[PDB]
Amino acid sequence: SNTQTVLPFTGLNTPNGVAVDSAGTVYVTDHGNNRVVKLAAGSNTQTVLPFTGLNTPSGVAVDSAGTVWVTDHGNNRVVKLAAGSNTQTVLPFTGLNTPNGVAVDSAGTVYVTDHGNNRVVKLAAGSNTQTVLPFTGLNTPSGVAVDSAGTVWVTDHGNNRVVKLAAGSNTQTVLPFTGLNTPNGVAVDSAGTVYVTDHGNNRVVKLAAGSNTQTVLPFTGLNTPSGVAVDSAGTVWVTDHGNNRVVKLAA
């Protein structure tokens, strides 16, 4: 499509971070209200999830079991909410600083852009071992995506670039986007297409796998967009941070 739709969220404040599940339920970290909100497909009523004590949360992910993870940026922690019981567990990361961005894979491994420490960390399900990924030269990284193959992409915000660590490789690759300004947020689809919220240019850009020529998506009127998700259908959702809204574009 070339015409975006605004989702019927209410009362957002500087939202940053969006996730979508296979049912088309959309989850947003409503950063400036210290809460996580969700909207089911076709619904006008949003639901505030029972997280507690959040501070400027930035980034949300959801696994197959309905577990919701949030990077609780202002508290240097990652919290997960177990489905049904609504038990909150602080994941046993350590030493985080203003984390901003989270992803989870099929195995329940959790990946966090540890923004304030210029690093990306991962924690396997149930583990007390966190692993620093061998990205190099990061500056305030702010967004992480992982595909089915286990390739990890990161928006290296402070360097105006997107980097990837290909599965099985220990060598970082810089993707051939051009002209980025403080990018924050990355998503990847099944086809390997990469989507980035080019925050400081008020636009969303995408690169097909193997292509060296980005395209700009036909969103309009964005302001410091900061978070992107893509569903199985190729619909693209963006947290339009500076306009307190979430916008979507069908393929």
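So that there is no doubt, residue numbering starts at 1 and follows the sequence shown.
- Between the two ranges 123-131 and 96-104, the one averaging a larger CA B factor in the entry: Comparing averages over the C-alpha atoms only gives 123-131.
- Message: Going by the mean C-alpha B-factor recorded in the entry, which is higher: 208-216 or 43-51?
- Response: Result of the comparison: 208-216.
- Highest recorded Cα temperature factor - choice among 116, 74, 176, 143: Most elevated C-alpha B-factor of the set, per the entry: 176.
- At the C-alpha atoms, which of 196, 65, 37, 60 reaches the highest B-factor in this entry? Of 196, 65, 37, 60, 65 has the highest C-alpha B-factor.
- Query: Considering only modelled residues of the same chain, in which third does the CA B-factor of residue 13 rank: lowest, middle or highest?
  - Reply: Within its chain, residue 13 is a lowest-third residue by C-alpha B-factor, going by the deposited values.
- Message: Sorting by Cα B-factor within the chain, modelled residues only, which third would residue 225 end up in: lowest, middle or highest?
- Response: For residue 225, the deposited C-alpha B-factor lands in the lowest third.
- Considering only modelled residues of the same chain, in which third does the CA B-factor of residue 186 rank: lowest, middle or highest? Middle third, going by the recorded CA B-factors of the chain.
- Ranked by Cα temperature factor within the chain, is residue 79 in the lowest third, the middle third or the highest third? It falls in the middle third of the chain.
- Query: residue 246's Cα B-factor: lowest, middle or highest third of the chain?
  - Reply: Residue 246: CA B-factor falls in the lowest third of its chain.
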